[PDB]
Amino acid sequence: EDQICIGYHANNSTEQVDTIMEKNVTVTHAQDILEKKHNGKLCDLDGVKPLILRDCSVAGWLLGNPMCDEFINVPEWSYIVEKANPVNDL
Amino acid sequence: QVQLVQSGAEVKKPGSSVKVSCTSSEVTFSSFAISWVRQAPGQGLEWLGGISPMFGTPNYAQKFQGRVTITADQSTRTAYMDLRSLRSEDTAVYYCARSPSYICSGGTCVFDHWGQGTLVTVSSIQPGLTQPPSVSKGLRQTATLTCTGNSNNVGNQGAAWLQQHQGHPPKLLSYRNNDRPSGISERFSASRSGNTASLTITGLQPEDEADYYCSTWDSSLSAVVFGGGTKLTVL
Amino acid sequence: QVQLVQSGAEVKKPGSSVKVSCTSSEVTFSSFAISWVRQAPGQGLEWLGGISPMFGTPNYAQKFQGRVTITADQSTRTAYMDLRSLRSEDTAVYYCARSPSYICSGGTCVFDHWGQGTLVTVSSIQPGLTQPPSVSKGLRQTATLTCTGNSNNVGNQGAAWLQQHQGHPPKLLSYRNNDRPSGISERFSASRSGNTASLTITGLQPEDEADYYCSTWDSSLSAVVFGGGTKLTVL
Amino acid sequence: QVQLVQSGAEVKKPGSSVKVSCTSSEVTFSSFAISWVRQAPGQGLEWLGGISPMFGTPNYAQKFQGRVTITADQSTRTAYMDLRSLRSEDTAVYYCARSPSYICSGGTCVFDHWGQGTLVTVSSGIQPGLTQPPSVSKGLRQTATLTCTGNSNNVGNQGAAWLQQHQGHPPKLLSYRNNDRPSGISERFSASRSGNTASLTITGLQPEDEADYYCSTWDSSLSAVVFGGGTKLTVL
Amino acid sequence: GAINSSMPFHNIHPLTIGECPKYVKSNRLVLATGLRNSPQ
Amino acid sequence: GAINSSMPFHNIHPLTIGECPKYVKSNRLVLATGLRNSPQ
Amino acid sequence: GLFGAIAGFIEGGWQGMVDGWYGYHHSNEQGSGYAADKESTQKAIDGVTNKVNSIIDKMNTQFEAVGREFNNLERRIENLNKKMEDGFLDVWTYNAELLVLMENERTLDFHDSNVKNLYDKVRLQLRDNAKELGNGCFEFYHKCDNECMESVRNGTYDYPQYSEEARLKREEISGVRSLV
Amino acid sequence: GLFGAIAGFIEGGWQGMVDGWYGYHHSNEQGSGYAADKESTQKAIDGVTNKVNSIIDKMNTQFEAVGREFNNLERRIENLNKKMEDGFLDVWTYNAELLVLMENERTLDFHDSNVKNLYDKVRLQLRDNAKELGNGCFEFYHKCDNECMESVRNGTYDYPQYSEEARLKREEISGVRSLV
Amino acid sequence: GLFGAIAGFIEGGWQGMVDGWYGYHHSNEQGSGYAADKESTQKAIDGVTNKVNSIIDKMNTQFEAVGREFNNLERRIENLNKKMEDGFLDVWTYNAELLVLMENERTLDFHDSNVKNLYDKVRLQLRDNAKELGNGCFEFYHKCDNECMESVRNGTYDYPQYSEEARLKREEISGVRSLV
Ligand SMILES: *[C@@H]1O[C@H](CO)[C@@H](O[C@@H]2O[C@H](CO)[C@@H](O)[C@H](O)[C@H]2NC(C)=O)[C@H](O)[C@H]1NC(C)=O
């Protein structure tokens, strides 16, 4: 009449995982390890501004293109950001 | 290392509730119970409640049994304290602290990691353990600070000790069984004898002179328990 | 994605014997049971037998006990039918058919994938389930097709449905538990009531008129049985 | 192939000590028990004792019991033999044998590979346990049968393994305890045991076959490896 | 864009710079931690 | 320096020549062979 | 699963148990109710947590990435550059995908022992003081109150203490007394 | 294997059971014979199947190989091109070669479980209404006819129907009765 | 961990069992004493020895890097060369680590069942004839001397030889005599 069971936990959980033998196994508890999101902006790398050359090419900047004036002498940079097909090359 | 990070200093009107939150760097965050512990201007520590992120069962201290609601979110890496029915006795700095235990339901609830604190002000304490408030020993001498308690709390669990310099939030100096964490310098013997436990400091220096709190789980009071405090004064 | 490809359409004198071969697309060939299921011109379906390719052991229908001999080469992933002593009765199109279960010996032996067809002719009928021969309901109405049996088949093992357009081989509308394959639209729901299984087709459309066969394991014959057929007509 | 390489040819005087060594190529040497067997000029094999490298526990023969201490050094794949109060009748060649058995303590312990041989000469100042006949002579291309008899504390119970030994080389293993032959060995060499006597029959006798052959196993009563007398097979 | 994370992996774009999570080409990547949740 | 070894790996230098173990950027590589140890 | 506890004899989980991943339900004259075996739920978590931290620690020395640029008439060394990165990102994707899939299978079959072995501890303590009922569950021959349940739960039950209580019962449900 | 069912206490498999991987054999006053646990061979097949399909689907993110051309004075970037392509075919050969090797170990031990976990299922159903003969095979106190067998087989045996019958036999092997 | 034994119900190993990995300890009228099970240690070594040589064999085709010399204005394929070799040396260093980490888990668990399967072996022989004492150890009913220990040790004990002897003891420490 008096008695004691052993058992395991169960819950309102929807999230499922895979294995070599079982696909979509529902479990009580998961943990993603995959980043999927970004902010769509160019940012600093640790308080150090990049160099967004805008519509110059590197060559446009170094040779001294009269369109590339606002770059005539630049501060230190984290990284450089050339465009796809920069309008102001040679 | 892990870092907790808390919300901006809120000011509030008696009656009107508050919600304050903290968020965790570490990915394995559903494995560690998170607690909320306030410190009203001056005095000493007090544990409101705590949560297991993994399971989301909380438990509270009775003083707040129905007033506060604390919960954690799994997806973002964050926990919340919802202090309803605010009033004047409530003004404090509120720390969120992580216990290495996955649940906060017993001795294993020590506090190895603390947030930087959220001051909550309302606009217009009884310690459960017993420490003298002022031990004062000389440079290069040894101090032994004592927490004393009883079978419900200290006498079954034992205790974790904490250090608190003015300004900074508290750092853990011993786990509940007298092991020291990584950082802690190798001259802080924790110990325990029956219903009283003693953090023994050897070779004092200016650094050491702060406040010291013991803590444990009271099995009768169904909650976390702190001593009053002990200001160490080196001289 | 699987592809069962049967063989050329051999045509023969009486007494002579045939060896048709279904050859499976897929790498896990052994794990799924293959059945052979002739259809004489104009009439419905009849199971000859079927094999567990992995275990070898085969199952025949009382009717073909001594005559047919079916087996399958694992190395080449192809299944074979040696039918013997064939007179003119034995003229038909001969399908091989994939079961989702590993061996063909019970209610779970239903036929989810079918080969393309193998017309054997011979130079010079009896259903096991009850199916109205005709059902005629008007365009965009809803339909209810019925198959009845008894305790040794639909009673215990339950039933599985099949659609067949003129010319094409049949395809599976439902499994024994009436869960629907991916393929099939949601207006083809099937269920069952004791010994009388029923597929309800809702929102009738030009598409839908062809044949429908129910099928089950009958544990009193050790055999797969089919209903007579039933031509649905949209009107 | 695994290599076993042994200490140089040491030359000592009465009463002194020796420490002969032996070093295994195989990285996995921790798991194959190593023995030290000797033979003196113009004689047969005598098991001093052996060690499991994995566990440190050695087994010795009564003969040398308190006066020989063999130990393995896991770290460097090296097994050490040293005996004390060494006198004259210890003038021998000290071979070094591996067994596929992890410990040397029963009929499992049969010797698959041998070291080159460490000679020891005491510069001044044997009785076998198994029965082989000493000589058997058989004509070219025939069939030879070599026998090994024992009692029941050995062959009867543990089984019995055979060995070949050419004048000058160490001995290759011909059969395992359990009749099975190892890699190099031609189907010409068939081992077998019936009851308390073990017989190795060799078909198609060729000039190479001519050497001395030893059988061996464990004796329950002596807690020791036991070799037979050796039997020199000739052919022309 | 700038990526934010503690996660071991990301799938935004292969050519990163800085101390980043590690590019993989997957759409979904979840570890199990709990029990099979087949209740009752 | 030359290496005289039967271990399957090393961590001296990537540009070996000869019949070698195979370079690995690691500094410790130890299999278990035995059981979990203890005092009783 | 492999060990045959979860989705095995212990058919389904209890929703009523919230405090932890594994535990005991009981019933007696006073009590009835759940109670999680935290200490071993705790040991399990220490594992699964270390597992995540092991994988992060293996994935900081992946193949790194920084950028390079190519002339129009060097098109085929451009290619070689591309086959390369696209070789390496084919390979770390497989390693990620497969590691997760494998370590997922092991993690699930880990929980399946945690539960079996908990059941076996209760068992070995209680011997013939209790009737193994077979659906994950024991019923006692001797009545065993809330204070005795903890003792089973915290793993310090005391066989000799209830022996003659229990074996009076065993002795009589054997109807051996029915002979007088 | 790890679970000790195959090549264990069950001392070899039965040739005579042709129709499935795991199962029962029995003897009663009625008869004798073999019966495959089709059910649980099917859960096996379905898992070993997902396994081979799991592999395949992972192996089409394999490094795609196309070829390039180099003259007589680009010799050394021709080498770089080869040291790469060999390099990878080693990385993927090792990967196929080991993944087969590791899922071979697992499969065989998976079977070794399925069996143990079948033995134990029966054992919990019949409890002390049978003897653990301890060679894989149970033997009943109460007589167990062919209908009874199906019950144990399909897993709906019921203890209480046969207890009295059983604890007359249990009662009397113990020669308690032998005090007349 | 997984299987229940090592660091489980058999609390702690023995330092006295020097000759082998698993084994027996007995206690009777004649003596007390330890005795390693060689048979099943020797089988475990076979399997570990094979594991060690398994790896060794699997990395003889592993990526070998012979160097290339590079120019001043070839800087950006010099780099491509450096990215590649650093690439492969990361991929194989990962592999070699992860394989060990994985094989170590498997190996420690291999012992864990080894022990348990031994115990269950002893258990299935000695049935009713002995008490499962619940800490790795059995006490017999019938009093069993050295020659009879061996049989259990070498798995050829004989139940129906000590039956009466034992079940005279069961018959009495069941208090069944006490009614006359
Ligand atoms: C496993 O569950 C997933 C859950 O997403 C199923 O994914 C389906 O994927 C297709 C895209 O090809 C979607 O159109 C469906 O909506 C998804 N289904 C559902 C219900 O979410 C997937 O099919 C499931 N089965 C397997 C074996 O992958």
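Residue numbers (our numbering), protein chains in the order written: chain A, 1 to 90; chain B, 1001 to 1235; chain C, 2001 to 2235; chain D, 3001 to 3236; chain E, 4001 to 4040; chain F, 5001 to 5040; chain G, 6001 to 6180; chain H, 7001 to 7180; chain I, 8001 to 8180. Even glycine gets a Cβ: it sits at the ideal position worked out from N, Cα and C.
Measuring CA to CA, which of H:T7049, H:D7057, H:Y7159 and H:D7037 is closest to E6097 (chain G)?
On the seventh sequence, position 97 is the one that residue 6097 (chain G) refers to. Considering only alpha carbons, the answer is H:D7057.
Starting from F7088 (chain H), trace the alpha helix (DSSP H) in both directions and tell me its first and last residue.
Walking along the eighth sequence from the start, residue 7088 (chain H) turns up at place 88. It spans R7075 to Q7125 - the alpha helix (DSSP H) in which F7088 (chain H) sits, taken as one unbroken run.
Are the segment 6062–6080 of chain G and the segment 1140–1156 of chain B touching, with three or more C-beta to C-beta distances below 8 angstroms?
no
Have a look at E:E4019, E:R4028, E:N4004 and E:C4020 and flag the residue whose alpha-carbon is nearest the alpha-carbon of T6093 (chain G).
Here residue 6093 (chain G) is taken as the residue at index 93 of the seventh sequence, counted from 1. Checked all of E:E4019, E:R4028, E:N4004 and E:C4020; the closest Cα to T6093 (chain G) is E:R4028.
If the cut-off is 7 angstroms on Cβ atoms, which residues from the segment 5005–5024 of chain F count as contacting chain D, listed in chain order?
Within the segment 5005–5024 of chain F, the residues whose Cβ lies closer than 7 angstroms to some Cβ of chain D are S5006 and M5007, listed in chain order.
Using a 10 Å radius around the Cβ and a threshold of 16 neighbouring Cβ atoms, would you call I6173 (chain G) buried or exposed?
The residue you call residue 6173 (chain G) lines up with position 173 of the seventh sequence. Classification of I6173 (chain G): exposed, given that the 10 Å Cβ count is below 16.
DSSP three-state call for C2022 (chain C): helix, strand or coil?
Within the third sequence, the letter at position 22 stands for residue 2022 (chain C). Note: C2022 (chain C) maps to strand in three-state DSSP.
Would the C-beta of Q16 (chain A) count as close to ligand 1, meaning under 8 angstroms from any of its heavy atoms?
On the first sequence, residue 16 (chain A) is found 16 positions in, with the first residue counted as 1. Yes; taking the cut-off as 8 angstroms, the Cβ of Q16 (chain A) has a heavy atom of ligand 1 nearer than that.
Looking only at its own chain, which residues have a Cβ that is under 8 angstroms from the Cβ of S3101 (chain D), when we skip the five neighbours before and after it?
In the fourth sequence, residue 3101 (chain D) corresponds to position 101, counting from 1. Excluding residues within five positions, the ones whose Cβ falls inside 8 angstroms are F3032, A3033, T3108, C3109 and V3110.
Could you tell me if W1036 (chain B) is buried or exposed, where buried requires 16 or more neighbouring beta carbons within 10 angstroms of its beta carbon?
Here the question's residue 1036 (chain B) lines up with position 36 in the second sequence. When all chains shown are included, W1036 (chain B) counts as buried.
Residues passing the C-beta test against ligand 1 heavy atoms, cut-off 5 angstroms:
A:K23 and A:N24
Helix, strand or coil for residue 2296 (chain C)? Go by DSSP, reduced to three states.
The structure shown does not extend to residue 2296 (chain C), since chain C is modelled only from 2001 through 2235, so no value can be given for it.
Spell out a yes or no on whether the segment 2091–2099 of chain C and the segment 2109–2126 of chain C are touching, meaning 3 or more CB-CB pairs, one atom from each, closer than 8 angstroms.
yes
Are the segment 7106–7123 of chain H and the segment 7036–7055 of chain H touching, with three or more C-beta to C-beta distances below 8 angstroms?
yes
Partners in chain G for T8093 (chain I), counting only beta-carbon separations shorter than 8 angstroms:
By one-based count along the ninth sequence, residue 8093 (chain I) stands at place 93. Those are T6061, listed as they occur along chain G.
Which chain I residues are close to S3223 (chain D), counting only those with a beta carbon under 7 angstroms from its beta carbon?
Position 223 of the fourth sequence, counted from the first residue, corresponds to residue 3223 (chain D). Per Cβ cutoff of 7 angstroms: no residues; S3223 (chain D) is ~13 angstroms from chain I at best.
How long is the line joining the alpha carbons of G2056 (chain C) and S2021 (chain C), rounded to whole angstroms?
Here residue 2056 (chain C) corresponds to residue number 56 of the third sequence, with the count starting at 1. Here residue 2021 (chain C) corresponds to residue number 21 of the third sequence, with the count starting at 1. So the two alpha carbons sit approximately 16 angstroms from each other.
Measure how close the beta-carbons of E3210 (chain D) and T3234 (chain D) come, nearest whole angstrom, since I'm counting them as under 8 angstroms.
For the purposes of this step, residue 3210 (chain D) is identified with residue 210 of the fourth sequence, where counting begins at 1. For the purposes of this step, residue 3234 (chain D) is identified with residue 234 of the fourth sequence, where counting begins at 1. Confirmed, Cβ separation roughly 6 angstroms.
Proximal residues to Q2039 (chain C) (C-beta, below 6 angstroms), its chain only, five neighbours per side dropped
Here residue 2039 (chain C) is taken as the residue at index 39 of the third sequence, counted from 1. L2045, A2092 and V2093.
Between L2173 (chain C) and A2190 (chain C), how many whole angstroms is the CB-CB distance? I'm expecting something under 8 angstroms.
Position 173 of the third sequence, counted from the first residue, corresponds to residue 2173 (chain C). Position 190 of the third sequence, counted from the first residue, corresponds to residue 2190 (chain C). Between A2190 (chain C) and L2173 (chain C) the Cβ distance is about 7 angstroms, and since that is below 8 angstroms, they are a contact.
Of all the CB atoms in chain H, is at least one closer than 9 angstroms to the CB of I4 (chain A)?
Within the first sequence, the letter at position 4 stands for residue 4 (chain A). It does not; no Cβ of chain H falls within 9 angstroms.
Using 8 angstroms as the Cβ pair cut-off and three pairs as the minimum, do the segment 7016–7036 of chain H and the segment 7136–7149 of chain H touch?
yes
Give the secondary structure of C7148 (chain H) by DSSP, where H, G and I count as helix, E and B as strand, and everything else as coil.
Along the eighth sequence, read from residue 1 onward, the residue named residue 7148 (chain H) stands at position 148. Here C7148 (chain H) sits in helix by DSSP.
So that I know if they touch, is there some Cβ in chain B lying closer than 9 angstroms to that of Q16 (chain A)?
By 1-based counting over the first sequence, the position of residue 16 (chain A) is 16. Judged by the 9 angstroms Cβ criterion, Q16 (chain A) is not in contact with chain B.
Run down chain C in chain order and give the residues with a C-beta less than 9 angstroms from the C-beta of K7038 (chain H).
As a first step, residue 7038 (chain H) must be located in the eighth sequence, where it is residue number 38. Per Cβ cutoff of 9 angstroms: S2101, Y2102, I2103, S2105, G2106 and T2108.
is_contact[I6006 (chain G), chain A] using C-beta, thresh 9 angstroms:
The residue you call residue 6006 (chain G) lines up with position 6 of the seventh sequence. Chain A contact via Cβ: present.
Could one say the Cβ of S1052 (chain B) lies closer than 9 angstroms to chain E's Cβ atoms, at least one of them?
Translated into positions along the second sequence, residue 1052 (chain B) becomes position 52. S1052 (chain B) does not count as touching chain E.
If the cut is a Cβ gap below 7 angstroms, which residues of chain A does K6143 (chain G) touch?
One-based indexing of the seventh sequence puts residue 6143 (chain G) at position 143. The answer, in chain order, is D2.
Would you mind telling me which residues of chain E sit closer than 7 angstroms to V6052 (chain G), beta carbon to beta carbon, in chain order?
Sequence index remark: in the seventh sequence, residue 6052 (chain G) carries index 52 (1-based). Those within 7 angstroms of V6052 (chain G) in chain E are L4031.
Measure the Cβ-Cβ separation of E35 (chain A) and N4037 (chain E) and say whether it is below 9 angstroms.
Counted from its first residue, the first sequence places residue 35 (chain A) at position 35. Counted from its first residue, the fifth sequence places residue 4037 (chain E) at position 37. Taking 9 angstroms as the Cβ cut-off, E35 (chain A) and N4037 (chain E) do not qualify as a contacting pair.
Taking buried to mean at least 16 other C-beta atoms within 10 Å of its own C-beta, is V6091 (chain G) buried or exposed?
Here residue 6091 (chain G) refers to the residue found at position 91 of the seventh sequence. That one is buried.
Grab the span of the beta strand (DSSP E) containing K6131 (chain G) for me, first residue to last.
Mapped onto the seventh sequence, residue 6131 (chain G) falls at position 131. Per DSSP, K6131 (chain G) belongs to the beta strand (DSSP E) from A6130 to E6132.
For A1009 (chain B), count the other beta carbons within 10 Å of its own beta carbon; 16 or more makes it buried, fewer makes it exposed. Which is it?
To locate residue 1009 (chain B), count along the second sequence from 1; it is residue 9. So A1009 (chain B) counts as exposed.
Short-range partners of chain H found in the segment 21–38 of chain A, where Cβ spacing is below 8 angstroms:
Only those residues of the segment 21–38 of chain A whose C-beta falls short of 8 angstroms from the nearest C-beta of chain H are listed: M21, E22 and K23.
Check whether the segment 2076–2093 of chain C and the segment 2133–2140 of chain C touch, using three or more Cβ-Cβ pairs below 8 angstroms as the test.
no
Any idea if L8099 (chain I) is buried or exposed, counting beta-carbon neighbours within 10 angstroms, 16 or more meaning buried?
In the ninth sequence, counting from the first residue as 1, residue 8099 (chain I) sits at position 99. Result: buried.
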